[PDB]
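Encoded as structure tokens, the following chain is the form deposited in one PDB entry, with no partner shown.
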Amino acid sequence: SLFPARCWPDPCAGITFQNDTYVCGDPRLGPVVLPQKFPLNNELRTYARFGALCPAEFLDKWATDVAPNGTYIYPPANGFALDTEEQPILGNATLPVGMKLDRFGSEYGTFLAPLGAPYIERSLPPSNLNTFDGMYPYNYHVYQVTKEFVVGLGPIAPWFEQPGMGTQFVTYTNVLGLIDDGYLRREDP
């Protein structure tokens, strides 16, 4: 189920091989071995890393180049779902003390999600699944709100062949600042 069935016998057609840790040797396509602590699946919805596309089709559509120097293109309006007038749907909301948040990316960032939200809801590309220890994604962090503060709160638009429709929180201070001023604390999962 790694690749759509149509992509056989040669699913890696068009992909330049860099390092055999990664699918078709390309880190953008995520790891062969997936981090054993994100399950991603249930009986109703499964994680199709490329959607119904084959790997090279997926890179051509969602990156600037299928070649290794291509980079992923991200959605407009900070990835918020768009209303019928093409405006992102969100509002300023207060996060309460005790709430559990997680994040893919460095603490220089400003985007969090609720702890544990399934991957396919986040519309993140495959390379966010790369790991260093097999347990967890290499850029995955978990936090707890320690003092109430206001964020932009709203639904996640579909992208990268994923359905999206989780909720995301866009902070007005980066995570490092929020930790330093006592709004968030780090938790190790």
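For clarity, a rigid core is taken as the largest C-alpha set superposing within 1.5 Å between two forms. Throughout, we count residues from 1 along the sequence that is shown.
119-127 and 36-44 differ in mean CA B-factor, and the higher of the two is recorded for 36-44. Among all modelled residues in its chain, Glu148 ranks in the middle third by Cα B-factor.
The entry lists a Cα temperature factor for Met165 that places it in the lowest third of the chain's modelled residues.
In this PDB entry, the Cα temperature factor of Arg28 sits in the bottom third of its chain's modelled residues, the lowest group.
Split the chain's modelled residues into thirds by C-alpha temperature factor. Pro55 is in the middle one. For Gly91, the recorded CA B-factor ranks within the middle third of the chain. Only modelled residues enter the ranking.
The same protein also has a form deposited in another entry, omitted here; what follows describes it.
Only one entry in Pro155, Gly70, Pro158, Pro35 has its C-alpha moved by 2 angstroms or more between this form and the one not shown when the rigid core is superposed, and that entry is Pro35. Once you line up the core between this form and the one not shown, the Cα of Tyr136 ends up 2 Å or more from where it was.
Relative to the displayed conformation, the Cα-Cα distance from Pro126 to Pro137 grows by 3 Å or more in the other form.
Distance between the C-alpha atoms of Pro39 and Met99: shorter in the other form than here (change of 3 Å or more).
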